[PDB]
């Protein structure tokens, strides 16, 4: 596979270590991943965006190379960390590129917390409620029953769940990039924890304020998304992007794997 992004740095967020890294120089561009993934979703994207921007990426608290504490790692926490990183990085009016729960996080940070962006690219965002597959919804009710699974059975569930996000099946090498953080004893608990902490109110609170903002918004949408119906993406575009949707054929929820070129084009050909 293509190389993993180097998240060399550690930011202390309220006693938790947050992994982050940067590439390139120029105007700031911040990349925000979703669940159950990590900044590695940008490994074929960030290097091309870094030719003309200083690109920032970090792993959400509870994900990837960041700490996975027995603590609040929900969307109620992630926009606080997002704002804290922008201040740590001393950046103003960043370009923002965000996927899934990362999209929820930057929509909360703008509409609830007032953070100004220079422009915003969303990729299959979780943005209007209710949201959540039946698996997420069922697992959230039996957390201890799933965290206690034998390692191989957990391995199989994580592998299948990640597989639902793509229209083209991943190679095992690539699937491993996203699965591996969840396979340690801490990671297995962390996987079901962030599912169990999901709550509709985090998205509903942001959605109540949606309106076209004072910066351009574009929404890249994998048409074959098994998790969110296409018409929900169009409804979001109607609400904040003047009805504009960048539809990506033969791509599922994880457009970064099915069609990273689509995201590169959307950001660079703006």
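Residue numbers count along the first chain shown, from 1.
The mean C-alpha temperature factor is higher for 12 to 20 when 251 to 259 and 12 to 20 are set side by side.
On average the C-alpha atoms of 130 to 138 have higher B-factors than those of the other stretch, with 130 to 138 and 164 to 172 being the two compared. For the set 45, 230, 217, 30, the maximum C-alpha B-factor listed in the entry falls on 230. Of the candidates 158, 104, 71, 85, the one whose C-alpha carries the top B factor in the deposited record is 71. Ranked by C-alpha B-factor against the other modelled residues of its chain, residue 149 falls in the highest third. Ranked against the other modelled residues of its chain, the C-alpha B-factor of residue 26 as given in the entry falls in the highest third. For residue 4, the recorded CA temperature factor ranks within the highest third of the chain's modelled residues.
Among all modelled residues in this chain, the alpha-carbon of residue 198 has a temperature factor (C-alpha) in the highest third. Compared with the other modelled residues of the chain, the Cα B-factor recorded for residue 186 ranks in the highest third.
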